[PDB]
>>> print(open('model-v8.csv').read())   # CSV, C-alpha atoms and all ligand atoms
chain,number,residue,atom,x,y,z
F,7,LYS,CA,143.1,108.5,64.6
F,8,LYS,CA,141.6,105.7,66.8
F,9,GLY,CA,142.0,108.2,69.7
F,10,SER,CA,140.2,111.0,67.8
F,11,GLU,CA,137.4,108.4,67.1
F,12,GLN,CA,137.3,107.6,70.9
F,13,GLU,CA,137.0,111.3,71.8
F,14,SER,CA,134.1,111.5,69.3
F,15,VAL,CA,132.4,108.5,70.9
F,16,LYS,CA,132.6,110.2,74.3
F,17,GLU,CA,131.2,113.4,72.8
F,18,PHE,CA,128.3,111.6,71.2
F,19,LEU,CA,127.4,109.6,74.4
F,20,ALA,CA,127.5,112.7,76.4
F,21,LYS,CA,124.9,114.3,74.1
F,22,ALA,CA,122.9,111.0,74.1
F,23,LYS,CA,122.7,111.0,77.9
F,24,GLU,CA,121.6,114.6,78.0
F,25,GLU,CA,118.8,113.8,75.5
F,26,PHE,CA,117.8,110.6,77.3
F,27,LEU,CA,117.5,112.3,80.7
F,28,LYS,CA,115.3,115.1,79.4
F,29,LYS,CA,112.9,112.4,78.1
F,30,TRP,CA,113.3,110.1,81.1
F,31,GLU,CA,111.9,112.8,83.4
F,32,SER,CA,108.8,113.1,81.3
F,37,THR,CA,98.7,108.9,73.9
F,38,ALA,CA,96.0,106.9,71.9
F,39,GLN,CA,93.1,104.4,72.3
F,40,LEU,CA,92.4,101.0,71.0
F,41,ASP,CA,89.5,101.9,68.6
F,42,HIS,CA,92.0,104.2,66.8
F,43,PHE,CA,93.5,101.0,65.1
F,44,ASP,CA,92.3,98.2,63.0
F,45,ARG,CA,93.9,94.9,64.1
F,46,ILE,CA,95.3,93.0,61.2
F,47,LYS,CA,97.3,89.9,62.2
F,48,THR,CA,99.3,88.4,65.0
F,49,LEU,CA,103.0,88.8,64.5
F,50,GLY,CA,104.3,87.0,67.6
F,51,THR,CA,103.1,85.7,71.0
F,52,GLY,CA,104.4,85.3,74.5
F,53,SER,CA,103.1,84.2,77.9
F,54,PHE,CA,101.5,87.6,78.7
F,55,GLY,CA,100.0,88.4,75.3
F,56,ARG,CA,100.8,89.1,71.6
F,57,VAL,CA,102.2,91.5,69.1
F,58,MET,CA,99.8,92.4,66.4
F,59,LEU,CA,100.1,94.3,63.1
F,60,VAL,CA,97.6,97.1,63.3
F,61,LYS,CA,96.6,99.9,61.0
F,62,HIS,CA,96.0,103.4,62.3
F,63,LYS,CA,92.5,104.3,61.0
F,64,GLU,CA,93.1,108.0,60.5
F,65,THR,CA,96.6,108.0,58.9
F,66,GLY,CA,96.6,104.4,57.5
F,67,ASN,CA,100.1,103.9,58.8
F,68,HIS,CA,101.0,100.4,60.0
F,69,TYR,CA,102.4,99.6,63.5
F,70,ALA,CA,103.3,96.7,65.7
F,71,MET,CA,101.1,96.7,68.8
F,72,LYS,CA,102.2,94.7,71.9
F,73,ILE,CA,99.1,93.8,74.0
F,74,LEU,CA,99.7,92.6,77.6
F,75,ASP,CA,96.8,91.2,79.6
F,76,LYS,CA,97.1,93.1,82.9
F,77,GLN,CA,95.7,90.0,84.6
F,78,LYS,CA,98.3,87.7,83.1
F,79,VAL,CA,101.1,90.1,84.2
F,80,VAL,CA,100.5,88.6,87.7
F,81,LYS,CA,103.9,87.9,89.4
F,82,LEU,CA,105.8,90.8,91.1
F,83,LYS,CA,108.7,90.8,88.8
F,84,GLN,CA,106.4,90.7,85.8
F,85,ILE,CA,104.7,94.1,86.6
F,86,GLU,CA,107.9,96.1,87.5
F,87,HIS,CA,109.4,94.9,84.2
F,88,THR,CA,106.4,96.2,82.2
F,89,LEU,CA,106.9,99.7,83.7
F,90,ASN,CA,110.6,99.5,82.9
F,91,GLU,CA,109.9,98.5,79.3
F,92,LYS,CA,107.5,101.5,78.5
F,93,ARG,CA,109.6,104.1,80.3
F,94,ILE,CA,112.9,103.0,78.7
F,95,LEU,CA,111.4,102.7,75.2
F,96,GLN,CA,109.8,106.2,75.4
F,97,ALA,CA,113.2,107.8,76.3
F,98,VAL,CA,115.8,106.0,74.1
F,99,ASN,CA,116.8,107.0,70.6
F,100,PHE,CA,119.3,105.0,68.6
F,101,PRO,CA,119.4,103.7,64.9
F,102,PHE,CA,119.0,100.0,65.9
F,103,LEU,CA,116.3,100.4,68.6
F,104,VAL,CA,112.6,100.1,67.8
F,105,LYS,CA,110.7,103.3,68.0
F,106,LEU,CA,107.7,103.5,70.4
F,107,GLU,CA,105.0,105.7,69.1
F,108,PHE,CA,102.1,105.3,71.5
F,109,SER,CA,101.2,103.7,74.8
F,110,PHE,CA,97.9,103.5,76.6
F,111,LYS,CA,95.8,101.1,78.7
F,112,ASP,CA,92.3,100.1,79.2
F,113,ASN,CA,90.3,98.0,81.7
F,114,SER,CA,92.0,94.7,80.7
F,115,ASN,CA,95.2,95.4,78.8
F,116,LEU,CA,98.3,97.5,78.4
F,117,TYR,CA,99.3,98.6,74.9
F,118,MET,CA,102.6,99.7,73.4
F,119,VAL,CA,102.5,100.7,69.8
F,120,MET,CA,105.8,100.6,67.9
F,121,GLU,CA,107.0,101.2,64.4
F,122,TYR,CA,106.3,98.0,62.3
F,123,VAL,CA,109.5,96.3,61.1
F,124,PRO,CA,108.4,94.2,58.1
F,125,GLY,CA,111.5,92.1,57.4
F,126,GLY,CA,110.8,89.6,60.1
F,127,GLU,CA,112.8,88.1,63.0
F,128,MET,CA,116.4,87.3,62.6
F,129,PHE,CA,115.3,84.0,64.2
F,130,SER,CA,113.3,82.7,61.3
F,131,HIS,CA,115.8,83.8,58.6
F,132,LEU,CA,118.6,82.0,60.6
F,133,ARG,CA,116.6,78.8,61.1
F,134,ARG,CA,115.6,78.7,57.4
F,135,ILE,CA,119.2,79.2,56.0
F,136,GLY,CA,121.0,77.3,58.8
F,137,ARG,CA,123.8,79.6,59.6
F,138,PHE,CA,125.2,83.0,58.5
F,139,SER,CA,128.7,83.3,57.1
F,140,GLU,CA,131.1,85.2,59.4
F,141,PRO,CA,130.9,88.5,57.5
F,142,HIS,CA,127.1,88.3,57.7
F,143,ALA,CA,127.1,87.5,61.4
F,144,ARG,CA,129.7,90.3,61.9
F,145,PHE,CA,127.5,92.9,60.3
F,146,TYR,CA,124.7,92.1,62.7
F,147,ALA,CA,127.1,91.7,65.7
F,148,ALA,CA,128.5,95.2,65.1
F,149,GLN,CA,125.1,96.8,65.4
F,150,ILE,CA,124.5,95.0,68.7
F,151,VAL,CA,127.9,96.1,70.0
F,152,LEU,CA,127.0,99.8,69.2
F,153,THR,CA,123.5,99.3,70.7
F,154,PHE,CA,124.9,98.0,74.0
F,155,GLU,CA,127.5,100.7,74.1
F,156,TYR,CA,124.7,103.2,73.9
F,157,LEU,CA,122.4,101.4,76.4
F,158,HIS,CA,125.1,100.7,78.9
F,159,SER,CA,126.3,104.4,78.8
F,160,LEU,CA,122.8,105.2,80.0
F,161,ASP,CA,123.1,102.6,82.8
F,162,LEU,CA,120.6,100.4,80.9
F,163,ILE,CA,120.9,96.7,80.8
F,164,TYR,CA,119.0,94.9,78.0
F,165,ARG,CA,118.9,91.3,79.4
F,166,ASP,CA,117.1,89.4,76.6
F,167,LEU,CA,119.4,89.3,73.6
F,168,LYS,CA,118.4,86.5,71.2
F,169,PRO,CA,117.5,86.2,67.4
F,170,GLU,CA,113.8,86.1,68.3
F,171,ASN,CA,114.1,89.8,69.4
F,172,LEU,CA,116.1,91.1,66.4
F,173,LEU,CA,114.0,92.3,63.5
F,174,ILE,CA,115.4,93.0,60.1
F,175,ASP,CA,114.3,96.3,58.5
F,176,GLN,CA,113.9,97.3,54.9
F,177,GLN,CA,117.6,98.2,54.5
F,178,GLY,CA,118.7,94.9,56.1
F,179,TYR,CA,119.7,96.5,59.4
F,180,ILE,CA,118.7,95.3,62.9
F,181,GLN,CA,116.0,96.7,65.1
F,182,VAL,CA,116.1,95.5,68.7
F,183,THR,CA,112.6,94.9,70.1
F,184,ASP,CA,111.2,93.6,73.4
F,185,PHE,CA,112.5,95.7,76.2
F,186,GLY,CA,110.5,93.6,78.7
F,187,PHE,CA,113.7,92.9,80.8
F,188,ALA,CA,115.5,96.1,80.2
F,189,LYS,CA,116.4,98.0,83.4
F,190,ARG,CA,118.3,101.0,84.7
F,191,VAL,CA,121.1,99.5,86.9
F,192,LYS,CA,123.9,101.6,88.1
F,193,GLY,CA,125.7,98.8,89.8
F,194,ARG,CA,124.2,95.3,90.4
F,195,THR,CA,120.8,93.8,90.1
F,196,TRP,CA,119.3,90.5,91.3
F,197,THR,CA,116.3,89.4,89.3
F,198,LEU,CA,116.5,85.9,87.9
F,199,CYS,CA,115.3,86.6,84.3
F,200,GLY,CA,116.1,86.2,80.6
F,201,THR,CA,116.2,83.2,78.2
F,202,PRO,CA,117.9,80.0,79.3
F,203,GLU,CA,120.4,79.6,76.4
F,204,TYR,CA,121.5,83.3,76.7
F,205,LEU,CA,121.9,83.5,80.6
F,206,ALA,CA,125.3,84.4,82.0
F,207,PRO,CA,126.5,82.0,84.7
F,208,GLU,CA,126.3,84.6,87.4
F,209,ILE,CA,122.5,85.0,86.7
F,210,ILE,CA,122.0,81.2,87.0
F,211,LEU,CA,124.0,81.1,90.2
F,212,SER,CA,121.8,83.7,91.9
F,213,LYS,CA,124.7,86.2,92.1
F,214,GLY,CA,124.1,89.9,91.9
F,215,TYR,CA,125.2,90.9,88.3
F,216,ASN,CA,125.7,93.9,86.1
F,217,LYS,CA,125.8,94.9,82.4
F,218,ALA,CA,128.5,92.3,81.6
F,219,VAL,CA,125.6,89.8,81.3
F,220,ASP,CA,124.8,91.5,78.0
F,221,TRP,CA,128.4,90.9,76.7
F,222,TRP,CA,128.1,87.2,77.6
F,223,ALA,CA,124.8,87.2,75.7
F,224,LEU,CA,126.5,88.8,72.7
F,225,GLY,CA,128.9,85.9,72.7
F,226,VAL,CA,126.0,83.4,72.6
F,227,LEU,CA,124.4,85.4,69.8
F,228,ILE,CA,127.5,85.6,67.6
F,229,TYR,CA,128.1,81.8,68.2
F,230,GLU,CA,124.4,81.0,67.2
F,231,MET,CA,124.5,83.2,64.2
F,232,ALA,CA,127.7,81.7,62.9
F,233,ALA,CA,127.0,78.0,63.9
F,234,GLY,CA,123.3,77.8,63.5
F,235,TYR,CA,122.8,76.7,67.1
F,236,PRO,CA,123.9,78.2,70.4
F,237,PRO,CA,126.9,77.1,72.5
F,238,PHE,CA,125.0,75.7,75.5
F,239,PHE,CA,122.3,73.5,73.8
F,240,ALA,CA,120.1,70.9,75.5
F,241,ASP,CA,116.4,69.9,75.6
F,242,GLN,CA,115.6,71.1,79.1
F,243,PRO,CA,116.6,74.4,80.9
F,244,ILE,CA,118.3,72.6,83.8
F,245,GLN,CA,120.6,70.8,81.4
F,246,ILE,CA,121.3,74.1,79.6
F,247,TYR,CA,122.2,75.8,83.0
F,248,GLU,CA,124.6,72.9,83.8
F,249,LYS,CA,126.4,73.5,80.5
F,250,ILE,CA,126.6,77.2,81.0
F,251,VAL,CA,128.0,76.9,84.5
F,252,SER,CA,130.6,74.4,83.5
F,253,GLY,CA,131.4,77.0,80.8
F,254,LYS,CA,133.1,74.5,78.5
F,255,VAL,CA,132.6,75.7,74.9
F,256,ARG,CA,133.4,73.7,71.8
F,257,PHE,CA,133.3,75.3,68.4
F,258,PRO,CA,132.4,74.1,64.9
F,259,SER,CA,135.5,73.3,62.8
F,260,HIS,CA,134.5,76.1,60.3
F,261,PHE,CA,134.9,78.9,62.9
F,262,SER,CA,137.9,81.1,62.2
F,263,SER,CA,140.5,81.3,64.9
F,264,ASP,CA,139.8,85.0,65.3
F,265,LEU,CA,136.1,84.2,66.0
F,266,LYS,CA,136.9,81.5,68.5
F,267,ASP,CA,139.3,84.0,70.3
F,268,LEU,CA,136.6,86.7,70.5
F,269,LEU,CA,134.1,84.1,71.7
F,270,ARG,CA,136.4,82.7,74.4
F,271,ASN,CA,136.7,86.3,75.8
F,272,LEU,CA,133.0,87.0,75.7
F,273,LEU,CA,131.8,83.5,77.0
F,274,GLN,CA,134.2,84.1,80.0
F,275,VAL,CA,132.9,82.9,83.4
F,276,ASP,CA,135.5,85.1,85.2
F,277,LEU,CA,134.1,88.6,85.3
F,278,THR,CA,137.6,90.1,85.9
F,279,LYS,CA,138.4,88.7,82.4
F,280,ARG,CA,135.2,89.1,80.3
F,281,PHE,CA,135.5,91.4,77.4
F,282,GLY,CA,133.2,94.4,77.7
F,283,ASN,CA,133.8,94.4,81.5
F,284,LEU,CA,137.5,95.4,81.6
F,285,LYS,CA,139.4,98.7,81.9
F,286,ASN,CA,139.0,99.4,78.2
F,287,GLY,CA,135.3,98.5,78.2
F,288,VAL,CA,133.6,98.0,74.9
F,289,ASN,CA,136.8,98.9,73.0
F,290,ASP,CA,138.3,95.4,73.8
F,291,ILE,CA,135.5,94.2,71.6
F,292,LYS,CA,135.6,96.9,68.9
F,293,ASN,CA,139.3,96.6,68.5
F,294,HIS,CA,139.3,92.8,68.4
F,295,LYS,CA,140.8,91.2,65.2
F,296,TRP,CA,137.5,89.6,64.3
F,297,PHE,CA,136.1,93.2,63.8
F,298,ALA,CA,139.2,94.5,62.0
F,299,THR,CA,137.2,95.0,58.8
F,300,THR,CA,134.4,96.8,60.6
F,301,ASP,CA,133.9,100.5,60.0
F,302,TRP,CA,132.1,101.3,63.2
F,303,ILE,CA,131.1,104.8,62.2
F,304,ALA,CA,129.8,103.6,58.8
F,305,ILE,CA,127.7,101.0,60.5
F,306,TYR,CA,126.1,103.6,62.8
F,307,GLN,CA,125.5,105.9,59.8
F,308,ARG,CA,124.0,102.9,57.9
F,309,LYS,CA,126.4,103.4,55.0
F,310,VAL,CA,127.4,99.7,54.7
F,311,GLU,CA,125.5,97.5,52.2
F,312,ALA,CA,123.6,94.8,54.1
F,313,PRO,CA,124.2,91.1,53.4
F,314,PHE,CA,120.5,90.4,53.1
F,315,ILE,CA,117.5,92.7,52.1
F,316,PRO,CA,114.1,91.2,52.8
F,317,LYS,CA,111.5,91.3,50.0
F,318,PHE,CA,108.5,93.6,50.8
F,319,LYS,CA,105.3,93.4,48.8
F,320,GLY,CA,104.0,96.7,50.1
F,321,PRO,CA,102.9,98.3,53.3
F,322,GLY,CA,101.3,96.0,55.7
F,323,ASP,CA,103.0,92.9,54.1
F,324,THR,CA,103.4,90.1,56.7
F,325,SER,CA,105.0,87.5,54.4
F,326,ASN,CA,108.3,87.6,56.4
F,327,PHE,CA,106.5,86.4,59.6
F,328,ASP,CA,105.2,83.1,60.8
F,329,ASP,CA,101.4,82.4,61.3
F,330,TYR,CA,99.9,82.3,64.8
F,331,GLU,CA,96.5,81.4,66.2
F,332,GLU,CA,94.3,84.5,66.4
F,333,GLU,CA,92.2,85.1,69.6
F,334,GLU,CA,89.7,88.0,69.9
F,335,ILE,CA,90.8,91.0,72.1
F,336,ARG,CA,88.2,91.2,74.9
F,337,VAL,CA,88.0,94.3,77.1
F,338,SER,CA,86.2,93.8,80.4
F,339,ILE,CA,83.5,96.2,81.7
F,340,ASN,CA,85.5,96.1,85.0
F,341,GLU,CA,88.9,97.7,85.3
F,342,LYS,CA,91.5,95.2,86.4
F,343,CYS,CA,94.6,96.0,88.4
F,344,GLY,CA,94.1,99.7,88.3
F,345,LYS,CA,96.3,100.5,91.3
F,346,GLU,CA,99.2,98.3,90.2
F,347,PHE,CA,99.4,100.0,86.8
F,348,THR,CA,98.9,103.6,87.8
F,349,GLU,CA,102.3,104.7,86.5
F,350,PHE,CA,101.8,103.2,83.1
H,12,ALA,CA,123.4,67.4,70.0
H,13,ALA,CA,119.7,67.5,71.0
H,14,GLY,CA,118.5,71.0,71.9
H,15,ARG,CA,115.7,73.5,71.5
H,16,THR,CA,115.2,74.5,67.9
H,17,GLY,CA,112.0,76.6,68.1
H,18,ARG,CA,111.3,79.9,69.6
H,19,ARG,CA,112.5,80.3,73.2
H,20,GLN,CA,110.4,81.9,75.9
H,21,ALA,CA,112.0,84.1,78.5
H,22,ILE,CA,111.8,83.2,82.1
H,23,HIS,CA,110.7,85.9,84.6
H,24,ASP,CA,111.6,84.5,88.1
H,25,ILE,CA,113.2,81.1,87.9
X,401,LIG,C1,108.2,96.4,65.9
X,401,LIG,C2,107.8,95.0,65.4
X,401,LIG,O1,107.6,94.8,64.2
X,401,LIG,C3,107.7,93.9,66.4
X,401,LIG,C4,107.9,94.2,67.8
X,401,LIG,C5,107.9,93.1,68.7
X,401,LIG,CL1,108.1,93.4,70.4
X,401,LIG,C6,107.7,91.8,68.2
X,401,LIG,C7,107.4,91.6,66.9
X,401,LIG,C8,107.3,90.1,66.5
X,401,LIG,CL2,108.8,89.2,67.0
X,401,LIG,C9,107.4,92.6,66.0
X,401,LIG,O2,107.3,92.4,64.7
>>> encode(input="model-v8.csv", output="structure tokens", more="lines below")
Ligand SMILES: CC(=O)c1cc(Cl)cc(CCl)c1O
Amino acid sequence: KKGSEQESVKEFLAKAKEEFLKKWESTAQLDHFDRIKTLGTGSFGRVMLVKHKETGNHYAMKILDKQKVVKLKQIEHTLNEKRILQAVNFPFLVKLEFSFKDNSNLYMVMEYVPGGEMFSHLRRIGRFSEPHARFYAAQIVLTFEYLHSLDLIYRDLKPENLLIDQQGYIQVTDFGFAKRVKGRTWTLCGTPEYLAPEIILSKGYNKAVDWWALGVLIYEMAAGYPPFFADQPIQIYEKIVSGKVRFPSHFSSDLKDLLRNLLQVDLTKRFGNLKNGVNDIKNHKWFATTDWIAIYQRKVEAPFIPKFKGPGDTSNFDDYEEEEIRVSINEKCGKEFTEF
Amino acid sequence: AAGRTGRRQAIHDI
């Protein structure tokens, strides 16, 4: 039975790779949209809710100021993000619909996910119970199984990047650090609390950094705060590299065991990175109640369904300062963004 | 137990 299930996974991932490759070796303009509201911000731009004027459908538009994408690793990453998002297809990955550029900005237009960020729901309620955290963790496990099978590393797992859809399921956003990596890669990037020790130590690293980050995410969902917690990044890094983890007293023993095997500094011991790959995680006792196929098929009733007041509703997002979108008469950085 | 409770920005090169 479990063996038949594992043959079926191999069959699916073989088909998934064929479909990915066909798209990987292979659409609008700004005035086609009304800009409605800022949904989130970052050091290179913002994500806005927009309305497509012709169809009236709503979308999330990520706007990157080509000028602000200045540093070398910032531009390569932007190309990775667009090309990876156009080629992937998985139930828990946000769907890119358009991408285009103008004199000043780069634009990626994605489906709008109206339930808000896991981040704000978690911070409002404090922590998720273990079944609730498990439901989300299962979707990430399957998403990283998919990505990793395509030799894609994600590299920015955190609640800020996990949107809740109308059925209460996860949609992973922000592929800004995602990359095709057959073996190792060397960029020092990601979010401090979620970095694996080997990233912080300037060691060449592989997809096992995503499994470390899953341990951070599960811990943060179930505790309400992450395992390596300090006011400044250098203090966070020190805690990560020591790798000492203490757990809340309400964590089950099965959760602590799983987290000790994910938050493992020794790569020869880290779950997700061993002979049995992702199955050491999927077959762990903490996931014994998880019906992995039913999660993929979205047959499991979600622990939380966001309320939606209609299309274009932004009530599940925080408010941000709005700043007019200015497009220059002079094209900026044309040669550096030719492939976009 | 003091740590960062708001949204966390990613770092690109350091
Ligand atoms: C797709 C979507 O709604 C969305 C996408 C990104 Cl990259 C960011 C936000 C705010 Cl965190 C979104 O709301």
>>> interface_residues(input="model-v8.csv", of="chain H", to="chain F", cutoff="6 Å", atoms="all atoms listed in the file", output="list in words")
residues 13, 14, 15, 21, 22, 23, 24 and 25 of chain H
>>> residues_around(input="model-v8.csv", residues="residue 191 (chain F)", least_positions_apart="5", cutoff="7 Å", atoms="all atoms listed in the file", output="ChimeraX atom specification")
/F:161-163
>>> residues_near_ligand(input="model-v8.csv", ligand="ligand LIG 401 (chain X)", cutoff="8 Å", atoms="only C-alpha atoms and all ligand atoms", output="VMD selection string")
chain F and resid 49 to 51 57 to 59 69 to 72 104 to 105 120 to 124 126 to 127 170 to 173 181 183 to 185 327
>>> closest_residue(input="model-v8.csv", among="F:80, F:305, F:182, F:167", to="residue 19 (chain H)", atoms="all atoms listed in the file")
F:167
>>> residues_around(input="model-v8.csv", residues="region 16-27 of chain F", least_positions_apart="4", cutoff="10 Å", atoms="all atoms listed in the file", output="PyMOL selection string")
chain F and resi 11-12+31-32+94+96-100+155-157+159-161
>>> residues_around(input="model-v8.csv", residues="region 265-270 of chain F", least_positions_apart="6", cutoff="10 Å", atoms="all atoms listed in the file", output="PyMOL selection string")
chain F and resi 140+144+222+224-229+232+253-258+280-281+290-291+294-297
>>> write_last_selection(input="model-v8.csv", atoms="C-alpha atoms", output="PDB file, keeping the file's coordinate frame")
ATOM      1  CA  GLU F 140     131.100  85.200  59.400  1.00  0.00           C
ATOM      2  CA  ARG F 144     129.700  90.300  61.900  1.00  0.00           C
ATOM      3  CA  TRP F 222     128.100  87.200  77.600  1.00  0.00           C
ATOM      4  CA  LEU F 224     126.500  88.800  72.700  1.00  0.00           C
ATOM      5  CA  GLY F 225     128.900  85.900  72.700  1.00  0.00           C
ATOM      6  CA  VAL F 226     126.000  83.400  72.600  1.00  0.00           C
ATOM      7  CA  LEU F 227     124.400  85.400  69.800  1.00  0.00           C
ATOM      8  CA  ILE F 228     127.500  85.600  67.600  1.00  0.00           C
ATOM      9  CA  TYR F 229     128.100  81.800  68.200  1.00  0.00           C
ATOM     10  CA  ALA F 232     127.700  81.700  62.900  1.00  0.00           C
ATOM     11  CA  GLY F 253     131.400  77.000  80.800  1.00  0.00           C
ATOM     12  CA  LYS F 254     133.100  74.500  78.500  1.00  0.00           C
ATOM     13  CA  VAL F 255     132.600  75.700  74.900  1.00  0.00           C
ATOM     14  CA  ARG F 256     133.400  73.700  71.800  1.00  0.00           C
ATOM     15  CA  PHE F 257     133.300  75.300  68.400  1.00  0.00           C
ATOM     16  CA  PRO F 258     132.400  74.100  64.900  1.00  0.00           C
ATOM     17  CA  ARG F 280     135.200  89.100  80.300  1.00  0.00           C
ATOM     18  CA  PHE F 281     135.500  91.400  77.400  1.00  0.00           C
ATOM     19  CA  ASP F 290     138.300  95.400  73.800  1.00  0.00           C
ATOM     20  CA  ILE F 291     135.500  94.200  71.600  1.00  0.00           C
ATOM     21  CA  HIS F 294     139.300  92.800  68.400  1.00  0.00           C
ATOM     22  CA  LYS F 295     140.800  91.200  65.200  1.00  0.00           C
ATOM     23  CA  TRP F 296     137.500  89.600  64.300  1.00  0.00           C
ATOM     24  CA  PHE F 297     136.100  93.200  63.800  1.00  0.00           C
TER      25      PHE F 297
END
>>> atom_distance(input="model-v8.csv", atom1="CA of residue 158 (chain F)", atom2="CA of residue 7 (chain F)")
24.3 Å
>>> atom_distance(input="model-v8.csv", atom1="CA of residue 10 (chain F)", atom2="CA of residue 303 (chain F)")
12.4 Å
>>> residues_around(input="model-v8.csv", residues="residue 150 (chain F)", least_positions_apart="4", cutoff="8 Å", atoms="all atoms listed in the file", output="number ranges by chain")
F: 102, 146, 154, 224
>>> atom_distance(input="model-v8.csv", atom1="CA of residue 135 (chain F)", atom2="CA of residue 230 (chain F)")
12.5 Å
>>> closest_residue(input="model-v8.csv", among="F:190, F:134, F:76, F:45", to="residue 345 (chain F)", atoms="all atoms listed in the file")
F:76
